[PDB]
$ cat coords26.txt   # compact mmCIF, C-alpha atoms and all ligand atoms
# COMPACT_ATOMS: atom_id res chain seq x y z
CA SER M 860 -19.91 30.19 -0.23
CA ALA M 861 -22.87 32.59 -0.07
CA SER M 862 -21.01 35.57 -1.57
CA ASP M 863 -20.14 33.55 -4.69
CA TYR M 864 -23.27 34.31 -6.73
CA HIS M 865 -23.06 37.47 -8.82
CA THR M 866 -25.12 40.36 -7.46
CA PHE M 867 -27.26 42.13 -10.07
CA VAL M 868 -29.69 44.18 -7.99
CA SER M 869 -31.50 47.07 -9.65
CA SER M 870 -31.71 50.32 -7.70
CA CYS M 871 -34.58 52.73 -7.07
CA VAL M 872 -35.19 54.68 -10.27
CA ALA M 873 -38.74 55.62 -11.35
CA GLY M 874 -40.00 53.87 -8.21
CA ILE M 875 -38.98 50.34 -9.26
CA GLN M 876 -36.09 48.13 -8.16
CA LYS M 877 -35.29 44.47 -8.81
CA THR M 878 -33.09 42.17 -6.70
CA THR M 879 -32.06 39.06 -8.65
CA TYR M 880 -29.05 36.90 -7.79
CA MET M 881 -27.46 34.41 -10.18
CA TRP M 882 -24.17 32.53 -10.40
CA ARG M 883 -21.28 33.47 -12.66
CA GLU M 884 -21.31 32.27 -16.25
CA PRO M 885 -18.26 30.09 -15.42
CA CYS M 888 -19.92 26.53 -7.77
CA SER M 889 -21.29 23.05 -7.07
CA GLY M 890 -24.47 22.42 -5.11
CA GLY M 891 -24.91 24.76 -2.18
CA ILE M 892 -27.89 27.00 -1.50
CA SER M 893 -30.39 27.28 -4.34
CA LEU M 894 -30.60 30.37 -6.51
CA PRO M 895 -32.50 33.09 -4.60
CA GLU M 896 -35.62 34.43 -6.29
CA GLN M 897 -36.37 38.06 -7.10
CA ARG M 898 -38.53 40.28 -4.91
CA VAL M 899 -40.33 43.56 -5.61
CA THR M 900 -40.50 46.44 -3.13
CA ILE M 901 -41.69 50.04 -3.38
CA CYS M 902 -39.03 52.75 -3.28
CA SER I 860 -31.82 38.33 -31.55
CA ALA I 861 -28.95 39.59 -29.41
CA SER I 862 -31.09 41.50 -26.88
CA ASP I 863 -32.84 38.26 -25.87
CA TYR I 864 -30.43 38.14 -22.93
CA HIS I 865 -31.81 39.53 -19.69
CA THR I 866 -30.66 43.12 -19.20
CA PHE I 867 -29.71 43.98 -15.60
CA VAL I 868 -28.59 47.54 -16.36
CA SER I 869 -27.87 49.16 -13.01
CA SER I 870 -30.27 52.07 -12.66
CA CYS I 871 -28.48 55.33 -11.89
CA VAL I 872 -27.59 55.41 -8.19
CA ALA I 873 -24.63 56.42 -5.99
CA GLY I 874 -23.07 58.31 -8.91
CA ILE I 875 -22.38 55.04 -10.76
CA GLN I 876 -24.10 52.79 -13.29
CA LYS I 877 -23.55 49.37 -14.82
CA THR I 878 -24.70 48.35 -18.30
CA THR I 879 -24.77 44.66 -17.41
CA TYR I 880 -25.88 42.26 -20.13
CA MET I 881 -26.23 38.59 -19.18
CA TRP I 882 -27.71 35.55 -20.90
CA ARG I 883 -30.96 34.14 -19.52
CA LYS I 886 -29.63 29.51 -22.40
CA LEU I 887 -31.61 28.14 -25.36
CA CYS I 888 -30.33 30.85 -27.71
CA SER I 889 -27.57 30.42 -30.29
CA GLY I 890 -25.51 32.77 -32.42
CA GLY I 891 -26.06 36.49 -32.01
CA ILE I 892 -23.62 39.04 -30.63
CA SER I 893 -21.61 37.65 -27.72
CA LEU I 894 -22.45 38.58 -24.13
CA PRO I 895 -21.81 42.35 -23.87
CA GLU I 896 -19.95 43.48 -20.76
CA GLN I 897 -20.92 46.17 -18.27
CA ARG I 898 -20.10 49.79 -19.10
CA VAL I 899 -19.40 52.68 -16.72
CA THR I 900 -20.54 56.30 -17.10
CA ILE I 901 -21.57 59.07 -14.73
CA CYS I 902 -25.27 59.89 -14.38
CA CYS B 397 14.90 -24.19 24.53
CA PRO B 398 11.25 -24.62 25.59
CA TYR B 399 8.77 -21.97 24.51
CA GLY B 400 8.55 -19.03 26.90
CA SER B 401 12.33 -18.60 27.17
CA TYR B 402 14.62 -16.83 24.70
CA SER B 403 18.26 -17.71 23.98
CA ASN B 404 20.86 -15.98 21.82
CA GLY B 405 23.19 -19.01 21.69
CA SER B 406 25.01 -18.76 25.03
CA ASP B 407 22.17 -18.91 27.58
CA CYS B 408 18.38 -19.18 27.61
CA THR B 409 16.40 -16.96 29.98
CA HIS B 410 12.68 -17.19 30.67
CA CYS B 411 10.44 -14.58 29.06
CA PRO B 412 8.82 -12.27 31.64
CA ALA B 413 5.09 -12.73 32.20
CA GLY B 414 4.55 -9.09 31.24
CA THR B 415 5.60 -9.92 27.68
CA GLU B 416 3.37 -12.10 25.53
CA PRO B 417 4.75 -15.55 24.64
CA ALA B 418 6.17 -14.93 21.17
CA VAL B 419 7.74 -17.81 19.24
CA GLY B 420 9.92 -17.00 16.25
CA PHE B 421 12.60 -18.64 14.14
CA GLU B 422 16.13 -17.28 13.82
CA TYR B 423 19.02 -19.33 12.40
CA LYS B 424 22.17 -17.22 12.38
CA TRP B 425 24.44 -20.29 12.62
CA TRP B 426 24.17 -23.74 11.06
CA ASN B 427 26.31 -26.13 13.09
CA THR B 428 23.17 -28.30 13.28
CA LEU B 429 20.65 -28.20 10.45
CA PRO B 430 17.21 -27.24 11.82
CA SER B 431 14.67 -30.06 11.78
CA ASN B 432 12.20 -27.90 9.82
CA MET B 433 14.36 -27.60 6.69
CA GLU B 434 15.32 -30.59 4.54
CA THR B 435 17.54 -30.70 1.46
CA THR B 436 16.96 -32.34 -1.93
CA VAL B 437 18.35 -32.22 -5.49
CA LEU B 438 16.30 -31.88 -8.68
CA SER B 439 18.44 -32.93 -11.64
CA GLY B 440 18.13 -30.36 -14.40
CA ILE B 441 18.70 -32.83 -17.23
CA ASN B 442 15.93 -35.26 -16.25
CA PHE B 443 13.73 -33.06 -14.00
CA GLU B 444 13.54 -35.81 -11.37
CA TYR B 445 14.17 -35.78 -7.63
CA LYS B 446 17.71 -37.04 -7.07
CA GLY B 447 17.35 -37.40 -3.30
CA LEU B 448 20.92 -36.14 -2.79
CA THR B 449 22.16 -33.47 -0.37
CA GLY B 450 21.47 -30.18 -2.12
CA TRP B 451 22.89 -27.81 0.49
CA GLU B 452 25.79 -28.32 2.90
CA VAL B 453 25.98 -26.60 6.28
CA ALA B 454 29.19 -24.78 7.23
CA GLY B 455 28.48 -23.73 10.84
CA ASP B 456 27.87 -20.07 9.98
CA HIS B 457 26.08 -20.15 6.61
CA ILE B 458 24.45 -22.71 4.33
CA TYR B 459 25.45 -22.74 0.66
CA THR B 460 24.68 -24.79 -2.43
CA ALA B 461 26.44 -28.13 -2.80
CA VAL B 462 27.43 -29.57 -6.16
CA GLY B 463 25.25 -32.45 -7.33
CA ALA B 464 25.27 -34.62 -10.44
CA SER B 465 25.49 -31.46 -12.57
CA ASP B 466 25.65 -27.75 -11.83
CA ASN B 467 22.32 -27.33 -13.65
CA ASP B 468 20.56 -29.46 -11.02
CA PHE B 469 18.38 -27.54 -8.58
CA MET B 470 19.70 -27.30 -5.02
CA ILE B 471 16.46 -27.36 -3.03
CA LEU B 472 16.25 -26.61 0.69
CA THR B 473 12.64 -27.06 1.82
CA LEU B 474 11.49 -25.43 5.07
CA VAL B 475 7.89 -26.15 6.07
CA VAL B 476 5.81 -24.49 8.79
CA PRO B 477 2.42 -26.08 9.60
CA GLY B 478 0.56 -22.96 10.73
CA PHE B 479 0.98 -19.43 12.02
CA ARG B 480 0.35 -18.38 15.61
CA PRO B 481 -1.26 -14.91 15.78
CA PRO B 482 -0.23 -12.74 18.77
CA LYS B 492 -1.35 -9.25 7.50
CA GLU B 493 1.39 -10.13 10.00
CA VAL B 494 0.88 -13.91 10.11
CA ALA B 495 4.41 -14.32 8.70
CA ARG B 496 6.96 -11.62 7.84
CA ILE B 497 9.89 -13.78 6.77
CA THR B 498 13.20 -11.99 6.20
CA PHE B 499 16.25 -13.43 4.42
CA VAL B 500 19.95 -12.63 4.04
CA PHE B 501 21.03 -14.00 0.65
CA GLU B 502 24.70 -13.63 -0.30
CA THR B 503 25.49 -14.99 -3.77
CA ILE B 504 29.10 -15.27 -4.91
CA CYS B 505 27.81 -16.94 -8.10
CA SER B 506 29.24 -15.91 -11.47
CA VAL B 507 26.68 -16.38 -14.27
CA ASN B 508 23.21 -17.90 -14.74
CA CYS B 509 22.44 -17.60 -11.04
CA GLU B 510 18.80 -18.23 -10.09
CA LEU B 511 17.41 -18.38 -6.55
CA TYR B 512 13.83 -19.60 -7.04
CA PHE B 513 12.53 -18.76 -3.58
CA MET B 514 9.08 -20.37 -3.79
CA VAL B 515 6.11 -20.33 -1.42
CA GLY B 516 3.36 -22.93 -1.28
CA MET B 517 0.18 -21.35 0.09
CA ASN B 518 -2.11 -23.98 1.64
CA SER B 519 0.06 -26.75 0.14
CA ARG B 520 -0.74 -25.56 -3.39
CA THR B 521 1.63 -25.81 -6.34
CA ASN B 522 4.69 -23.68 -5.66
CA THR B 523 4.56 -20.20 -7.17
CA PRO B 524 7.88 -18.30 -7.41
CA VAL B 525 7.29 -15.05 -5.54
CA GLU B 526 10.71 -13.63 -6.39
CA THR B 527 13.49 -14.89 -8.67
CA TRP B 528 16.90 -13.31 -8.15
CA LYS B 529 19.16 -13.41 -11.21
CA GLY B 530 22.91 -12.90 -11.40
CA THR B 531 25.45 -12.11 -8.72
CA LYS B 532 23.99 -10.19 -5.78
CA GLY B 533 25.35 -9.08 -2.42
CA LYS B 534 23.94 -9.51 1.06
CA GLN B 535 20.44 -8.05 1.32
CA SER B 536 17.27 -8.47 3.36
CA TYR B 537 14.10 -9.62 1.59
CA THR B 538 10.75 -9.62 3.38
CA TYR B 539 7.75 -11.65 2.22
CA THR B 540 4.13 -11.32 3.36
CA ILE B 541 1.63 -14.15 3.82
CA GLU B 542 -1.96 -13.21 3.00
CA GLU B 543 -3.71 -15.72 5.29
CA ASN B 544 -2.86 -18.52 7.69
CA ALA B 545 -2.18 -21.86 5.97
CA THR B 546 0.54 -24.47 5.53
CA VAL B 547 3.47 -22.67 3.86
CA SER B 548 6.77 -24.07 2.59
CA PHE B 549 9.74 -21.89 1.63
CA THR B 550 11.94 -23.68 -0.92
CA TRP B 551 15.03 -21.89 -2.26
CA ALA B 552 15.77 -23.61 -5.58
CA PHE B 553 19.23 -22.80 -6.93
CA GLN B 554 20.66 -23.27 -10.43
CA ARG B 555 24.37 -22.63 -10.95
CA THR B 556 24.11 -22.64 -14.76
CA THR B 557 21.12 -22.36 -17.08
CA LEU B 558 23.08 -23.71 -20.05
CA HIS B 559 24.00 -27.40 -19.88
CA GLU B 560 27.66 -28.45 -19.99
CA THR B 561 29.11 -31.87 -19.22
CA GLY B 562 30.90 -32.10 -15.89
CA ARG B 563 30.70 -30.16 -12.63
CA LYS B 564 32.99 -27.36 -13.79
CA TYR B 565 31.04 -24.65 -11.89
CA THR B 566 31.15 -25.07 -8.11
CA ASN B 567 32.13 -21.49 -7.22
CA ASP B 568 28.48 -20.43 -7.60
CA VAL B 569 27.27 -20.71 -3.99
CA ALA B 570 24.28 -19.07 -2.31
CA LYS B 571 25.06 -18.12 1.29
CA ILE B 572 21.96 -17.76 3.50
CA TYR B 573 23.25 -17.27 7.05
CA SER B 574 20.19 -15.52 8.55
CA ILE B 575 16.58 -16.74 8.69
CA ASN B 576 13.81 -14.97 10.57
CA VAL B 577 10.23 -16.27 10.63
CA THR B 578 7.54 -14.45 12.62
CA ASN B 579 4.34 -15.79 14.19
CA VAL B 580 5.03 -19.52 13.84
CA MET B 581 3.18 -22.48 15.36
CA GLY B 582 5.02 -25.13 17.36
CA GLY B 583 8.39 -23.35 17.36
CA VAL B 584 11.02 -22.04 19.74
CA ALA B 585 10.64 -18.63 21.37
CA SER B 586 13.82 -16.93 20.19
CA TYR B 587 12.38 -13.54 21.20
CA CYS B 588 9.30 -12.60 23.23
CA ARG B 589 7.34 -9.48 22.28
CA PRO B 590 5.82 -7.31 25.02
CA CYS B 591 2.09 -7.06 25.67
CA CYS B 602 -2.10 -9.77 28.74
CA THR B 603 -5.24 -9.33 26.65
CA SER B 604 -5.79 -7.76 23.24
CA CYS B 605 -6.73 -4.12 23.77
CA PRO B 606 -9.80 -2.86 21.87
CA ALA B 607 -9.30 -1.24 18.49
CA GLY B 608 -7.82 2.24 18.87
CA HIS B 609 -6.00 1.43 22.13
CA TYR B 610 -2.24 0.90 21.97
CA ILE B 611 -0.95 -2.04 24.02
CA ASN B 612 1.50 -0.80 26.67
CA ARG B 613 3.28 -2.92 29.28
CA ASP B 614 4.90 -0.10 31.27
CA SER B 615 1.55 1.66 31.75
CA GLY B 616 -0.09 -1.61 32.84
CA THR B 617 -3.51 -0.88 31.33
CA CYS B 618 -5.05 -0.58 27.87
CA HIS B 619 -4.35 3.01 26.83
CA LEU B 620 -6.17 4.71 23.96
CA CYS B 621 -4.35 6.47 21.14
CA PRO B 622 -5.05 10.17 20.55
CA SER B 623 -7.83 10.90 18.09
CA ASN B 624 -7.15 10.85 14.33
CA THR B 625 -4.25 8.40 14.77
CA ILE B 626 -3.70 4.88 13.42
CA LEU B 627 -1.90 2.20 15.42
CA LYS B 628 0.51 -0.37 13.98
CA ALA B 629 0.41 -3.89 15.43
CA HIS B 630 3.95 -4.70 14.25
CA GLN B 631 5.45 -2.68 17.13
CA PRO B 632 3.20 -3.48 20.12
CA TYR B 633 4.84 -1.60 22.98
CA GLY B 634 4.20 2.12 23.35
CA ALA B 635 2.44 4.66 21.16
CA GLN B 636 5.44 4.95 18.81
CA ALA B 637 3.78 2.63 16.28
CA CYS B 638 0.59 4.70 16.67
CA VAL B 639 0.93 7.29 13.89
CA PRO B 640 -1.42 10.27 13.39
CA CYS B 641 -3.39 10.44 10.16
CA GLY B 642 -2.54 12.68 7.23
CA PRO B 643 -4.14 15.96 6.17
CA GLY B 644 -7.80 15.92 5.18
CA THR B 645 -8.41 12.43 6.57
CA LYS B 646 -10.23 10.76 9.45
CA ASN B 647 -9.26 7.80 11.60
CA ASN B 648 -11.29 4.62 11.24
CA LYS B 649 -12.84 2.99 14.30
CA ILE B 650 -10.46 0.05 13.88
CA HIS B 651 -7.48 2.46 13.63
CA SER B 652 -6.05 0.04 11.05
CA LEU B 653 -6.06 2.64 8.26
CA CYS B 654 -7.05 6.28 7.90
CA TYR B 655 -10.40 7.13 6.32
CA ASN B 656 -11.22 9.91 3.87
CA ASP B 657 -14.36 11.93 4.54
CA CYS B 658 -14.66 12.55 0.75
CA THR B 659 -15.02 16.28 1.57
CA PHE B 660 -11.82 18.35 1.60
CA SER B 661 -12.11 21.86 3.05
CA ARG B 662 -9.18 24.24 2.55
CA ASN B 663 -8.72 27.93 3.34
CA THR B 664 -8.10 30.69 0.80
CA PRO B 665 -7.88 34.47 1.28
CA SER B 666 -11.14 35.04 -0.62
CA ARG B 667 -13.17 32.32 1.13
CA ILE B 668 -13.09 28.64 2.11
CA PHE B 669 -13.09 25.98 -0.63
CA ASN B 670 -14.98 22.76 0.15
CA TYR B 671 -14.33 20.21 -2.60
CA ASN B 672 -16.71 17.23 -2.45
CA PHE B 673 -16.06 13.66 -3.59
CA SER B 674 -19.17 11.96 -2.22
CA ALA B 675 -20.30 10.61 -5.60
CA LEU B 676 -16.77 9.26 -6.20
CA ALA B 677 -16.92 6.61 -3.44
CA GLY B 678 -18.32 3.99 -5.80
CA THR B 679 -15.90 1.95 -7.87
CA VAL B 680 -15.45 2.48 -11.60
CA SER B 681 -14.27 0.18 -14.39
CA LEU B 682 -11.85 2.18 -16.55
CA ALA B 683 -9.29 0.21 -18.55
CA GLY B 684 -6.31 1.17 -20.65
CA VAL B 685 -6.25 1.08 -24.43
CA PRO B 686 -5.88 -2.43 -25.92
CA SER B 687 -2.11 -2.99 -25.90
CA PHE B 688 -0.51 -5.48 -28.29
CA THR B 689 2.51 -7.43 -27.07
CA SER B 690 5.72 -7.88 -29.03
CA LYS B 691 3.83 -10.76 -30.65
CA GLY B 692 0.21 -11.05 -31.79
CA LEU B 693 -1.22 -11.45 -28.29
CA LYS B 694 -2.98 -8.36 -26.93
CA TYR B 695 -3.96 -7.12 -23.48
CA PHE B 696 -5.23 -4.01 -21.70
CA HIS B 697 -4.70 -2.85 -18.12
CA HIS B 698 -7.92 -2.45 -16.13
CA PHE B 699 -7.76 -0.53 -12.86
CA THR B 700 -10.57 -0.67 -10.29
CA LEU B 701 -10.49 2.63 -8.39
CA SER B 702 -12.24 3.28 -5.06
CA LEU B 703 -11.44 6.86 -4.08
CA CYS B 704 -13.00 7.04 -0.61
CA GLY B 705 -16.03 6.07 1.46
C1 LIG M 1001 12.03 -11.10 13.05
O1 LIG M 1001 11.73 -9.72 12.74
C2 LIG M 1001 10.70 -9.17 13.57
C3 LIG M 1001 10.40 -7.78 13.04
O2 LIG M 1001 9.10 -7.37 13.42
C4 LIG M 1001 11.15 -9.17 15.02
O3 LIG M 1001 10.10 -8.67 15.84
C5 LIG M 1001 11.50 -10.59 15.45
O4 LIG M 1001 12.00 -10.60 16.78
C6 LIG M 1001 12.53 -11.21 14.50
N1 LIG M 1001 12.78 -12.59 14.86
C7 LIG M 1001 13.58 -12.95 15.87
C8 LIG M 1001 13.72 -14.43 16.10
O5 LIG M 1001 14.15 -12.13 16.57
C1 LIG M 1002 -3.56 -22.30 10.17
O1 LIG M 1002 -4.04 -23.34 9.30
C2 LIG M 1002 -3.70 -24.67 9.74
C3 LIG M 1002 -4.20 -25.62 8.68
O2 LIG M 1002 -3.54 -25.42 7.44
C4 LIG M 1002 -4.30 -24.93 11.12
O3 LIG M 1002 -3.88 -26.22 11.57
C5 LIG M 1002 -3.85 -23.86 12.10
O4 LIG M 1002 -4.51 -24.04 13.35
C6 LIG M 1002 -4.17 -22.47 11.56
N1 LIG M 1002 -3.68 -21.45 12.47
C7 LIG M 1002 -4.48 -20.68 13.21
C8 LIG M 1002 -5.96 -20.92 13.06
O5 LIG M 1002 -4.04 -19.82 13.97
$ encode --input "coords26.txt" --output "structure tokens"
Amino acid sequence: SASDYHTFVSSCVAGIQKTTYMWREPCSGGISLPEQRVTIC
Amino acid sequence: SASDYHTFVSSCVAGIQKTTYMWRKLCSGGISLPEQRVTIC
Amino acid sequence: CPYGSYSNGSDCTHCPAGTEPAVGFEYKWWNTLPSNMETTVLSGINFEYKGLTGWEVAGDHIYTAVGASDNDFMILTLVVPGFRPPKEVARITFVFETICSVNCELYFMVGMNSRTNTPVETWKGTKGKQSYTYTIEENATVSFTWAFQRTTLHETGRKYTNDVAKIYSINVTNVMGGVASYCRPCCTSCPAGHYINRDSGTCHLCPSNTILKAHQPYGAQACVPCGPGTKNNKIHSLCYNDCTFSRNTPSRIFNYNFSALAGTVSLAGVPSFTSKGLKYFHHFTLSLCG
């Protein structure tokens, strides 16, 4: 499902945050790995 | 070198932090994947 | 009794027009030997056709008669020219009762398309009354010969006549040029997925995800719903697997996929050596779904 990939978002410290999602080190097919995006805090 | 994994250390927010260490995996050897650590900020 | 009328032995009544004309063989008694079956003796010592009377009727059951020697085969050849269709071209069912003592072989053979006889099943030793059903793959000329051997070992004289094979019940289904001992209900063939019903009076469709059996025509009783994680085929002959199984779990829904598994694979067992030098290996062709 969608909630299967591990969430590893960085929060707003020093004005920078990173939102990157990747699968667990141990899912087949499904939606591709979402890319990271940068936004001001 | 061990630190060649991508570090997703959760920046201090909501009174919680995660020292998450995850492999990027062309590397070999080195210290095994270190787990996340919890401490108040 | 002419075809279209069914008798049980006391009276013959005409089959109703609502039921399809079904002709089948049933010989529960043997006061008169049916014209289809003929008897012969194959002498075991010389392996030549003796031309004697292999089996003797008794009014209720037919058993094996003693020939030149007890080792001689007691053949009883029944031949049907073709099969009248209403996998079910012929479901023949037997009632074999063997009071035989030792070295008792009932070489029930079948000749598909008048080929060389191949023994489908070979009963050995004393056995009680049981029903055996055989399936014919495709329509052709088929002969059922029940070769009997009282003794495998050869001994001079007919000292073994107690070994008798009683076959008092013969049923043959979907036969050509035969009597209509029982007429099945039906009058056109309903399209695939519709169960034939005579009480309803019209072609009625089965509920979705159900497969219909042609063995029991009347009603939807033979129409059986498919199993879990399967889909019904358009022919309703057999259930189909979508190759994608979706099951529920408290965390989320699991959707296992088997799409790439539809194609066949050639995986064989390890080379196995027989008790003697000859070797073999089982090879199984698997087609999971699709
Ligand atoms: C033989 O068995 C079948 C079972 O499907 C039955 O329908 C048929 O009536 C039987 N034969 C006779 C002569 O009753
Ligand atoms: C079965 O095959 C025979 C020839 O061996 C043929 O005479 C008969 O018509 C066939 N039955 C059919 C087509 O229903």
$ residues_near_ligand --input "coords26.txt" --ligand "ligand LIG 1002 (chain M)" --cutoff "10 Å" --atoms "only C-alpha atoms and all ligand atoms" --output "list in words"
residues 476, 477, 478, 479, 480, 481, 482, 494, 517, 518, 519, 543, 544, 545, 546, 547, 579, 580 and 581 of chain B
$ closest_atom_pairs --input "coords26.txt" --of "chain I" --to "chain M" --cutoff "10 Å" --atoms "all atoms listed in the file" --output "JSON lines"
{"residue": "I:866", "atom": "CA", "partner": "M:867", "partner_atom": "CA", "distance": 9.8}
{"residue": "I:867", "atom": "CA", "partner": "M:867", "partner_atom": "CA", "distance": 6.3}
{"residue": "I:868", "atom": "CA", "partner": "M:869", "partner_atom": "CA", "distance": 7.3}
{"residue": "I:869", "atom": "CA", "partner": "M:869", "partner_atom": "CA", "distance": 5.4}
{"residue": "I:870", "atom": "CA", "partner": "M:870", "partner_atom": "CA", "distance": 5.5}
{"residue": "I:871", "atom": "CA", "partner": "M:872", "partner_atom": "CA", "distance": 6.9}
{"residue": "I:872", "atom": "CA", "partner": "M:870", "partner_atom": "CA", "distance": 6.6}
{"residue": "I:873", "atom": "CA", "partner": "M:870", "partner_atom": "CA", "distance": 9.5}
{"residue": "I:876", "atom": "CA", "partner": "M:870", "partner_atom": "CA", "distance": 9.8}
{"residue": "I:877", "atom": "CA", "partner": "M:867", "partner_atom": "CA", "distance": 9.4}
{"residue": "I:879", "atom": "CA", "partner": "M:867", "partner_atom": "CA", "distance": 8.2}
{"residue": "I:881", "atom": "CA", "partner": "M:884", "partner_atom": "CA", "distance": 8.5}
{"residue": "I:882", "atom": "CA", "partner": "M:884", "partner_atom": "CA", "distance": 8.6}
{"residue": "I:883", "atom": "CA", "partner": "M:881", "partner_atom": "CA", "distance": 10.0}
$ residues_near_ligand --input "coords26.txt" --ligand "ligand LIG 1001 (chain M)" --cutoff "9 Å" --atoms "all atoms listed in the file" --output "list in words"
residues 402, 418, 419, 420, 421, 422, 423, 493, 496, 497, 498, 575, 576, 577, 578, 579, 584, 585, 586, 587, 588, 589, 630 and 631 of chain B
$ interface_residues --input "coords26.txt" --of "chain M" --to "chain B" --cutoff "9 Å" --atoms "all atoms listed in the file" --output "list in words"
residues 860, 862 and 889 of chain M
$ write_last_selection --input "coords26.txt" --atoms "C-alpha atoms" --output "PDB file, in the frame of the given file"
ATOM      1  CA  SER M 860     -19.910  30.190  -0.230  1.00  0.00           C
ATOM      2  CA  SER M 862     -21.010  35.570  -1.570  1.00  0.00           C
ATOM      3  CA  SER M 889     -21.290  23.050  -7.070  1.00  0.00           C
TER       4      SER M 889
END
$ atom_distance --input "coords26.txt" --atom1 "atom CA of residue 571 of chain B" --atom2 "atom CA of residue 520 of chain B"
27.3 Å
